[PDB]
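Reviewing the structure listed below.
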Amino acid sequence: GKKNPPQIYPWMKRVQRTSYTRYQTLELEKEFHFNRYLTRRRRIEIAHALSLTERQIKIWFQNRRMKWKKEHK
Amino acid sequence: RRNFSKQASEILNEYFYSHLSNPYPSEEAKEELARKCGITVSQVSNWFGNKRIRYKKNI
DNA sequence: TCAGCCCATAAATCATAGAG
DNA sequence: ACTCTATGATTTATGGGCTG
């Protein structure tokens, strides 16, 4: 099951993944349906309300749009 | 949700291993692979994503 | 300017189609 | 007949290029 590449290429080098709770996810999903975009303020109040950071909320929304972009809906 | 056909995997694996030094097909290349395999470019992307990672993982 | 967006990708993890 | 592994998709998270 082990791979033996004839040579080790750059892309081959490196570069636990916390899961969100039903509540966090449900709420985020809930917020996103109110407005696919967030204001610096709303971003902060939601981050505190869900024990998540600002970054994590920003990123969660970024990813959420990519998914919204995809699935054309 | 079934798996890709036998021919589609051979095609993707062939492209993949033929480009081991840089397994990052362009948008056009992804579209041509998708056409021949009969899937979406998105499925091609997932396919390369999983392949790239699962491969370096077993080195 | 520059915080925030898009896009492509990483890496771990979910779900289950089938090869053993 | 039945068990796990490999496989396709989805979920967190990084970074770069670009524009309001």
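Chain letters run A, B, ... following the sequence lines, proteins first and then strands; every chain starts at 1.
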Residues that [X] engages under side-chain hydrogen bond (donor to acceptor under 3.5 Å, both in side chains), provided they are two or more places apart:
X     : result
B:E10 : none
A:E29 : A:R64
B:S9  : none

Report task. Give a yes/no on whether any side-chain N or O of A:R65 is located under 4.0 angstrom from OP1 or OP2 of C:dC5. Result ->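 It does, given that an N or O in the side chain of A:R65 lies less than 4.0 Å from OP1 or OP2 of C:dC5.
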
Requested in this report: Go through DNA chain D and write down every stem, that is, every run of at least three consecutive Watson-Crick or G-U wobble pairs with distances under 3.5 Å, as range with range.
Outcome: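 Stems (3+ consecutive pairs) listed as C:5-17 with D:5-17.
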
Query raised in the report: Which residues pass the ring pair (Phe, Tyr, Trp, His ring centres under 6.0 Å) test with B:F48, sequence neighbours left out?
Result: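 Scan of B:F48 (ring pair (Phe, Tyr, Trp, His ring centres under 6.0 Å), adjacent residues dropped) gives B:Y15.
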
**Report entry** Among D:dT12, C:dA10, C:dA3, the one nearest A:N63 by side-chain distance
**Finding:**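 That would be D:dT12.
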
Query raised in the report: From C:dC7, C:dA3, D:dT11, pick the nucleotide closest to the side chain of A:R40?
Result: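 Output: C:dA3.
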
Query raised in the report: Under a 4.0 Å heavy-atom cut-off, which of residues 18-30 of chain A touch DNA chain D?
Result: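 Heavy-atom contacts with DNA chain D come from A:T18, A:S19, A:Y20.
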
Requested in this report: Residues of residues 1-8 of chain B with any non-hydrogen atom less than 4.0 angstrom from an atom of DNA chain D: list those, numerically ordered, please.
Outcome: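 Within this stretch, B:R1, B:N3, B:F4 sit under 4.0 Å of the strand.
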
Query raised in the report: Partners of B:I11 by side chain to side chain contact (heavy atoms under 4.5 Å, CB included), sequence neighbours excluded?
Result: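 Here the qualifying residues are B:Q7, B:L33, B:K36, B:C37.
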
**Report entry** Residues forming a side chain to side chain contact (heavy atoms under 4.5 Å, CB included) with B:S21, sequence neighbours excluded
**Finding:**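 Listed in chain order: A:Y9.
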
With a cut-off of 3.5 Å and sequence neighbours excluded, list every side-chain donor-acceptor pair involving residues 15-24 of chain A.
residue: A:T21; atom: OG1; partner: A:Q24; partner atom: N; Å: 3.0
residue: A:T21; atom: OG1; partner: A:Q24; partner atom: OE1; Å: 3.4
residue: A:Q24; atom: OE1; partner: A:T21; partner atom: N; Å: 2.9
residue: A:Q24; atom: NE2; partner: A:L50; partner atom: O; Å: 2.8

**Report entry** Residue-level proximity of residues 29-36 of chain B to DNA chain C when a heavy atom falls under 4.0 Å
**Finding:**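 Within residues 29-36 of chain B, the residues near DNA chain C are B:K30.
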
Requested in this report: Identify, residue by residue, the members of residues 51-62 of chain A with a heavy atom below 4.0 Å from DNA chain C, and return them in order of residue number, or none.
Outcome: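 Contacting residues: A:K58, A:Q62.
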
Query raised in the report: Within the distance-only criterion (no hydrogens, no angle test), does the side chain of A:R43 pair as donor or acceptor with the backbone N or O of A:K58 below 3.5 angstrom?
Result: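 Checking the backbone N and O of A:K58 against the side chain of A:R43, no donor-acceptor pair under 3.5 Å is found.
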
